[PDB]
Amino acid sequence: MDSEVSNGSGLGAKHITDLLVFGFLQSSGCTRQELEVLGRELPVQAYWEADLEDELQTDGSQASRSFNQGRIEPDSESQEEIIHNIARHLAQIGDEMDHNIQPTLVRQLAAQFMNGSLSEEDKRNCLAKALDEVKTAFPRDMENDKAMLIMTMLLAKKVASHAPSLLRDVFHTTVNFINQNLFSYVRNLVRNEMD
């Protein structure tokens, strides 16, 4: 009797990557305060950002003589940076995914690893382990690639409310696949495209 082996770490890491984690929540997932907890990460240097806030103001009034004819609401869409958008869109996809996340046991597999606060001796390998799995079932480019990604958010989606003790891990899970994969499938696609 004798048998035991397992190891392998490294590869990945990206600025935009982490953005997916912190960005994901920023879009959806747990809550704002969450993105802060999970998002709250000190890289190799001295991270730090900012972004002016917004506000609003209602109105009342009483005294008013018959005189009015219009009740249309405002509508203006203008947001810079699309890449980042995809980051946050990730989480948003997680929630939406809940709609149908298991057309054959997709999120099921990825969810397989999503167990214990440390599986396969490494709280993060399990997830990435799904990427390979999710693909093992639903492999492909944008289809699979995007499929596996759905997994990352799956953990958080569930974990976020399933594993409230793995908050930090929750985020890592999301930026796990992307981090282990090509950040944004679109990013790579962009590179591939155009001479």
# chains A, B, ... in the order shown; residues from 1 in each chain; ligands from 1
>>> select_by_dssp(residues="range 163-195 of chain A", states="helix (DSSP H, G or I)", output="short mmCIF file (atom, residue, chain, number, x, y, z; two decimals) with N, CA and C atoms, in the first residue's frame")
data_model
loop_
_atom_site.label_atom_id
_atom_site.label_comp_id
_atom_site.auth_asym_id
_atom_site.auth_seq_id
_atom_site.Cartn_x
_atom_site.Cartn_y
_atom_site.Cartn_z
N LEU A 167 -16.73 34.57 1.96
CA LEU A 167 -16.92 35.83 1.26
C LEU A 167 -15.71 36.10 0.36
N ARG A 168 -14.55 36.20 0.99
CA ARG A 168 -13.32 36.45 0.26
C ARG A 168 -13.14 35.41 -0.85
N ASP A 169 -13.37 34.16 -0.49
CA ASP A 169 -13.24 33.07 -1.44
C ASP A 169 -14.29 33.23 -2.55
N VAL A 170 -15.46 33.68 -2.14
CA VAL A 170 -16.55 33.89 -3.08
C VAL A 170 -16.03 34.68 -4.29
N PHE A 171 -15.46 35.83 -3.99
CA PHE A 171 -14.92 36.69 -5.04
C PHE A 171 -13.82 35.97 -5.82
N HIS A 172 -12.90 35.38 -5.07
CA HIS A 172 -11.80 34.66 -5.68
C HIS A 172 -12.34 33.63 -6.68
N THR A 173 -13.47 33.05 -6.33
CA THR A 173 -14.10 32.06 -7.19
C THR A 173 -14.41 32.66 -8.56
N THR A 174 -15.01 33.84 -8.54
CA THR A 174 -15.36 34.53 -9.77
C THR A 174 -14.10 34.84 -10.58
N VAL A 175 -13.25 35.67 -10.00
CA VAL A 175 -12.01 36.05 -10.66
C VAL A 175 -11.07 34.85 -10.70
N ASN A 176 -11.60 33.70 -10.31
CA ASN A 176 -10.82 32.48 -10.29
C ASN A 176 -10.69 31.95 -11.72
N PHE A 177 -11.84 31.67 -12.32
CA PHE A 177 -11.86 31.16 -13.68
C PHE A 177 -11.23 32.15 -14.66
N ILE A 178 -11.73 33.38 -14.60
CA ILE A 178 -11.23 34.43 -15.47
C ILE A 178 -9.72 34.58 -15.27
N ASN A 179 -9.32 34.54 -14.01
CA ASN A 179 -7.91 34.67 -13.67
C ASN A 179 -7.14 33.47 -14.25
N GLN A 180 -7.74 32.30 -14.09
CA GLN A 180 -7.12 31.08 -14.59
C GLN A 180 -7.29 30.98 -16.11
N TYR A 185 -12.99 36.65 -22.31
CA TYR A 185 -13.00 35.94 -23.58
C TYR A 185 -13.00 36.93 -24.76
N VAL A 186 -13.62 38.08 -24.52
CA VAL A 186 -13.70 39.11 -25.54
C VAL A 186 -12.32 39.74 -25.73
N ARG A 187 -11.63 39.92 -24.61
CA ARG A 187 -10.30 40.52 -24.64
C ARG A 187 -9.40 39.76 -25.60
N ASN A 188 -9.32 38.45 -25.39
CA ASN A 188 -8.50 37.60 -26.23
C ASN A 188 -9.02 37.66 -27.67
N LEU A 189 -10.33 37.58 -27.79
CA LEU A 189 -10.96 37.62 -29.10
C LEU A 189 -10.50 38.87 -29.85
N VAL A 190 -10.48 39.98 -29.12
CA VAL A 190 -10.07 41.25 -29.70
C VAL A 190 -8.64 41.11 -30.24
N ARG A 191 -7.79 40.51 -29.43
CA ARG A 191 -6.40 40.31 -29.81
C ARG A 191 -6.32 39.46 -31.09
N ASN A 192 -7.01 38.33 -31.05
CA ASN A 192 -7.03 37.43 -32.19
C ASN A 192 -7.48 38.20 -33.44
#
>>> atom_distance(atom1="CA of residue 184 in chain A", atom2="CA of residue 137 in chain A")
20.7 Å
>>> residues_around(residues="residue 94 in chain A", least_positions_apart="2", cutoff="10 Å", atoms="only C-alpha atoms", output="PyMOL selection string")
chain A and resi 24+28-29+89-92+96-99+101+149-158+174
>>> atom_distance(atom1="CA of residue 148 in chain A", atom2="CA of residue 131 in chain A")
4.9 Å
>>> atom_distance(atom1="CA of residue 135 in chain A", atom2="CA of residue 34 in chain A")
29.0 Å
>>> closest_residue(among="A:61, A:136, A:165, A:85", to="residue 16 in chain A", atoms="only C-alpha atoms")
A:85
>>> residues_around(residues="residue 116 in chain A", least_positions_apart="5", cutoff="10 Å", atoms="only C-alpha atoms", output="PyMOL selection string")
chain A and resi 123+126+163+166
>>> write_last_selection(atoms="N, CA, C and O atoms", output="mmCIF file, in the first residue's frame")
data_model
loop_
_atom_site.group_PDB
_atom_site.id
_atom_site.type_symbol
_atom_site.label_atom_id
_atom_site.label_comp_id
_atom_site.auth_asym_id
_atom_site.auth_seq_id
_atom_site.Cartn_x
_atom_site.Cartn_y
_atom_site.Cartn_z
ATOM 1 N N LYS A 123 -7.874 26.428 -1.388
ATOM 2 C CA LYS A 123 -9.173 27.059 -1.549
ATOM 3 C C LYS A 123 -9.147 27.961 -2.785
ATOM 4 O O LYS A 123 -9.032 29.180 -2.666
ATOM 5 N N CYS A 126 -10.193 24.040 -6.458
ATOM 6 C CA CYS A 126 -11.470 23.377 -6.660
ATOM 7 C C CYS A 126 -12.218 24.106 -7.778
ATOM 8 O O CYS A 126 -12.617 23.492 -8.766
ATOM 9 N N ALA A 163 -22.349 30.215 0.908
ATOM 10 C CA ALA A 163 -21.169 30.207 1.755
ATOM 11 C C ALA A 163 -20.831 31.643 2.165
ATOM 12 O O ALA A 163 -19.961 32.275 1.569
ATOM 13 N N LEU A 166 -17.280 32.210 3.199
ATOM 14 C CA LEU A 166 -16.246 32.222 2.178
ATOM 15 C C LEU A 166 -16.415 33.467 1.304
ATOM 16 O O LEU A 166 -16.257 33.399 0.085
#
>>> residues_around(residues="range 42-48 of chain A", least_positions_apart="6", cutoff="12 Å", atoms="only C-alpha atoms", output="compact mmCIF listing (two decimals) with C-alpha atoms, in the first residue's frame")
# COMPACT_ATOMS: atom_id res chain seq x y z
CA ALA A 13 -3.06 37.22 -12.19
CA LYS A 14 -4.25 40.34 -13.97
CA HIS A 15 -5.30 43.89 -13.15
CA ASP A 18 -9.36 41.43 -10.06
CA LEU A 19 -11.59 44.09 -11.57
CA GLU A 36 -15.88 46.19 -0.51
